[PDB]
Amino acid sequence: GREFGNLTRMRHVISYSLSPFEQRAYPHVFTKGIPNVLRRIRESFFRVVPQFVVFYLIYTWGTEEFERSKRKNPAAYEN
Amino acid sequence: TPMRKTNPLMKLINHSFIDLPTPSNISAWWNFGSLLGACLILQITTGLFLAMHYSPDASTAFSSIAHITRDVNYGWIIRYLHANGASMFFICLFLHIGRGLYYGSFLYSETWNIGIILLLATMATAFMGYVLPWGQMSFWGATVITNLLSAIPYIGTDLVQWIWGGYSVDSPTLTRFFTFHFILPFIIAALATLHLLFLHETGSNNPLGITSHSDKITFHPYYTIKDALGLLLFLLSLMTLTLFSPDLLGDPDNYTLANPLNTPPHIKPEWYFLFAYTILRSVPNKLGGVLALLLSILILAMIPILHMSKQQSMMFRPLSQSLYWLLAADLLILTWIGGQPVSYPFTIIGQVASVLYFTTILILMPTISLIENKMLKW
Amino acid sequence: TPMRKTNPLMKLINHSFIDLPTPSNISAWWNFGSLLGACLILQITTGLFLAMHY
Amino acid sequence: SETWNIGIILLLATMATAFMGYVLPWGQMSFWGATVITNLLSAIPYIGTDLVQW
Amino acid sequence: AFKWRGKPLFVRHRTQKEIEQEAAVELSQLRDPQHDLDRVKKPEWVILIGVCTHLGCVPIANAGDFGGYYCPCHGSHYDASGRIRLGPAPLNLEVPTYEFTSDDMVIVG
Amino acid sequence: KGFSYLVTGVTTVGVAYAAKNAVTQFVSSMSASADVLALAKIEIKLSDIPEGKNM
Amino acid sequence: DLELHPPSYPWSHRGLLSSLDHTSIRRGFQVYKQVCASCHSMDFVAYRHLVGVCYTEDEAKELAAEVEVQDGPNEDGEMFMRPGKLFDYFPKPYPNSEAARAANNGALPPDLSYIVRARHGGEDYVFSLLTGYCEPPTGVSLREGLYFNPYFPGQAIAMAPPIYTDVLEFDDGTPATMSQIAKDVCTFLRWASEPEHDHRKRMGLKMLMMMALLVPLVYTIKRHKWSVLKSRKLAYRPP
Amino acid sequence: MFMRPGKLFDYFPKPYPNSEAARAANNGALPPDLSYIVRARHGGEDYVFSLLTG
Amino acid sequence: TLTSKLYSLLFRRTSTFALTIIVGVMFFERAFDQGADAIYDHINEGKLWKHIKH
Amino acid sequence: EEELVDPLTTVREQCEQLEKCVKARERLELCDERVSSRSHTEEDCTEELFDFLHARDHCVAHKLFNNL
Ligand code: HEC
Ligand code: HEM
Ligand code: HEM
Ligand code: HEM
Ligand code: FES
């Protein structure tokens, strides 16, 4: 259905929750938080960064080549 | 029963916003959609206050904008909020489309098509709005984009002159564009209501790409604050963009009064149209370039058909992730080349980039999807 | 089931306009709501075309 | 009752829309009627003139 | 450049060397074949409409690969005669109905 | 609960400050512009003798 | 022809929270009204806009009254001349573009109201345009009505060197070397193009402080509300 | 500014450069624009004729 | 205890919570505006014309 | 007598003593000799002049506004 009453069928799945005031808003900031963020970055780094590194190489090469072509060649007026 | 479930307006609000079953694992990307609406509201509010002083005449538009910025109280704030809010609107729109591509939200076919129409209406709105200041860039960009319609084989020039309101972009064109720019955002709002209506039937999608009926959650106490935080961050970005570098995403040539007798040396459209500008430039034939732009925008319609993977989301498809980030880097290449002129390296890199864009969205993605399907022994 | 009952937009249109239960004895005085809607549409279109030159 | 109140709000919005639209031509009638109707808000006891000038 | 119908009108007093360059251009190479003298009533004077045939842009004179005209929008290159030779432009620069009533005047109705 | 409500209250205070600043800026933008304001009290009429009637 | 990139000079107002030096703005306005006003117009700057930036209202009134302007038609419709008031904009050197072109060898002196923001590189370019007027390099020739300027796009500008040492006597008394004059003009032009510079910087600092206050607080509120989910533990107990 | 023989798109000549000149030349009275004079007066053309007749 | 009176008086009823929020908004607006203005004036002292006009 | 010294000139000369400004200037002198020697040539020293001026005015902008 569309209301929370009838959405799907689940059996014997028990969940425990704590009040927002009872617990901390920032638990495990240094014990787990920073390591978790670091591991997420490590996992996602090598599947994203290489494409933008290729983009940066292409950007630099294109700019340098445009500058090089813009410069004049003496051989055009050697005679 | 609570009053929210009795009054019909309260019924609609509670069912669609307060008590909407929303997946718990939704990430920050789903914020952007809400941000989009906020951006729209901003553009509707701020722009409204700009209309109270803007005069849509070719002989007074630039003077009217100068009066807005210099004489109207806090008028500079309003104008810069409007311009950088259009920029932020396109930033959020691009991120929204990218999220939809990544997490397989395009399988909401009707919602995807409505979103495509919303993107087209937004692009037209922003184009006409940028024409409104009647600067050098505004005028010449308008001339180029309207002359694009001349590519049409039979009714090519009649249509262009009917849009122009004359033999060239002038006061008739500006007033028409002002009226269209005024009307269109409300059409965008109604189309966004249709967008949300078609999304409501199935509900939001989650990053995992698996049905989240087991872990649905009311939107009122969780995603309201999550979106509010998103609104705070969006306003942070917008206010830093308008208060420290107001002209970072602007073109200085637009501060000269429009001169129909001299095109500026580096006439370029606004940054959100740069990929389309490169796709235009790369194709030699004029009709070929126009068709290439049309396909570049409307390939989102064909994207759902090309989906040939057993998994809706791409977070479990590393090869598809690599292809998607390659596509994003290709789009960045297109934008950068659009910034750059028509010379030896930029032209060839732009042609290669356009070809790679079309091939990745047409060939590489389905083949990689089929390979991945075979990888998991489906 | 007909398309009216399947597509949500068609659902809304059919429920509110195509298949809305209305009294049969309704007289001509109830015709002015539709007339007001038509007036609004005409005013919007005509004012848009006027403002194109105003 | 709710439909009646929404209709009252609609009537007020239409009256304001028509008033400003009639001001738009900038004829003699437009200018002077606009002046009269806007000065009508000067009757407000404390913030009358400030509101009218705003 | 002059203003006619809100559009640029180019009148270029091309030197005889430019005339030789335009005449030497082969018709096969041209995207839209046309003889140079056909579009110029007087060899030293070329009168055209200052609108790029691609997307209505003002071609920059004495610029581009052919030193005649260059579109600052998409890179269309035109020669002194105005014929398109490189770029996205589909056809040559438009030639108005100009009539040289006298050697110092040009008018038409 | 007092600490949490204090956090919420300070957040609401900041939001209210920002909202009032924005609303006042927009409303003042709707007010009289600088150019209109300048030509308001500076102008001084220099009237001659228009016979013996109302001019 | 190629173009020269103007260097990024260390302007005082380029700081994140810096403000325009109003003494420099006043000196630049003096140079504009005494050197560039003979050809360059400022249609969007009045003799007001100066009551709060560099001049008090009274001296602004005197400065406005210094120059006579054409007033509205009187009896018989004979438009006369007025002593000049604050709401009047800065005088236009020429009645129309054609007169400017005729008086400037066919070149049109551009409006300087938005010149800084209308040119790539901004004030830097404007400064580099005024300071750099080197003689033509070997192998280039130009019409007598044009002067070589390496920073001008076409490299052949139609504007004779406008500022030199002692061309103007500053009211403050600072040495009126051409570099000081050019810097002051550039500061005044930056003010004219962006009169909201100081107010924009002040509001930017205020919004930075407000956001530094709010973002951690709203983030803490979101974390507090979501701690129910993020600490939630669930178990599966099949029968 | 110079004088030109006059083309189709030119509007009908204005007798006086400004309202002040018209008032000076007509004993302080401003002769109204006749482009809308029929629609601008109650009775329309019927009035104007009578004005020229009586 | 500080909280034993604070929470019981101010944060107990939401109406008192809103009242203290608004009072704090007034005081914070005044003090924060004054402090930000002082910081901005000090950072670019001499440049501003408020100092020059003296 | 010519009391105004125009610190611009002093800073410009100070570059003209530096290595980059000096080498750019000497390359410009070589280009000038080339162009002047050749009777009929289209080669313009604009490129090397720009190369010199870029470094010169870069150093100037680094050490100019201090004097003012
Ligand atoms: C007596 C006349 C005159 C004086 C003095 C003068 N200008 Fe100009 N200026 C011109 C003319 C004419 C041009 C057009 C040159 C060209 O475009 O080739 C011009 C060009 C410029 C440009 C180039 C705009 C562009 O298109 O790149 C700028 C900027 C400028 N002037 C600002 C200044 C400043 C700043 C000063 C003095 C502090 C100044 N001018 C002094 C008449 C003058
Ligand atoms: C003005 C422009 C738009 C507005 C206001 C808007 C609004 C929204 C909103 C509020 C959502 C709710 C979920 C979320 O926020 O992520 C959403 C979802 C969605 N939008 Fe849009 N959108 C816009 C443009 C687009 C575009 C351009 C596309 C596609 C090209 C699109 C396709 C989708 C899809 C597929 C979803 C489903 C998300 C899911 O399944 O989780 N929308 N839209
Ligand atoms: C999605 C909605 C909108 C978008 C994307 C948009 C975009 C733009 C853009 C890019 C500009 C150019 C501003 C500049 O370059 O300085 C502009 C100007 C303008 N827009 Fe908007 N706009 C939107 C909504 C509106 C609305 C709703 C109105 C009026 C009710 C409006 C009225 C104006 C006016 C009067 C201008 C000219 C003032 C100016 O250029 O600063 N806009 N718009
Ligand atoms: C609620 C529906 C509307 C009503 C009742 C309304 C009413 C009016 C009226 C009475 C006038 C004066 C007509 C005259 O004396 O010449 C007018 C003028 C105008 N209206 Fe509307 N209007 C409506 C909707 C719109 C819309 C949606 C636009 C959009 C641009 C618009 C634009 C104009 C313009 C530009 C004028 C001035 C031209 C003229 O006077 O005919 N109107 N309107
Ligand atoms: S406008 Fe000349 S190339 Fe398209």
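Heads up, residue numbers simply count up from 1 along the chain you see.
A Cβ is built for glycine as well, from the same backbone N, Cα and C atoms used for every other residue.
Residues or ranges marked as heme c binding site in Swiss-Prot: G:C36, G:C39, G:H40, G:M159. DSSP gives G:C36 (heme c binding site) a helix state.
The domain 'Cytochrome c' annotation in Swiss-Prot covers G:23-124 and rests on sequence analysis.
The secondary structure of G:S97 (phosphoserine), as reduced to three states from DSSP, is helical. The phosphoserine feature in Swiss-Prot is assigned to G:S97; the stated evidence is a large-scale study or a structure entry.
Proximity of distant same-chain residues to the transmembrane segment (G:197-230), defined by a Cβ-Cβ separation under 8 Å and at least 6 residues beyond the stretch ends, is recorded for 13, 16-20, 190-191. Marked as transmembrane segment by Swiss-Prot: G:197-230.
The Cβ of G:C39 (heme c binding site) lies under 8 Å from the Cβ of G:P93, G:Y94, G:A100, G:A103, G:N104, G:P109, each of which sits 6+ residues away along the same chain.
Across the range of the domain 'Cytochrome c' (G:23-124), the DSSP-based residue counts are 39 helix, 11 strand, 52 coil. Taking the mean position of the Cβ atoms of G:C36, G:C39, G:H40, G:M159 as the heme c site, the remaining residues of that chain whose Cβ falls within 8 Å of it are G:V35, G:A37, G:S38, G:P93, G:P109, G:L112, G:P162.
In this view, G:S97 (phosphoserine) is surrounded by 10 other Cβ atoms within 10 Å of its Cβ, with every protein chain counted. Residues G:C36, G:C39, G:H40, G:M159 are the ones the record ties to heme c, and the longest Cα gap between any two of them is 11 Å. The recorded positions near ligand 1, defined by a Cβ under 6 Å from one of its atoms, are G:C36, G:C39, G:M159, chosen from G:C36, G:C39, G:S97, G:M159. Cα-Cα distance from G:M159 (heme c binding site) to G:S97 (phosphoserine): 16 Å (rounded to the nearest whole number). Of the recorded residues, G:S97 (phosphoserine) and G:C36 (heme c binding site) place their C-alpha atoms 16 Å from one another.
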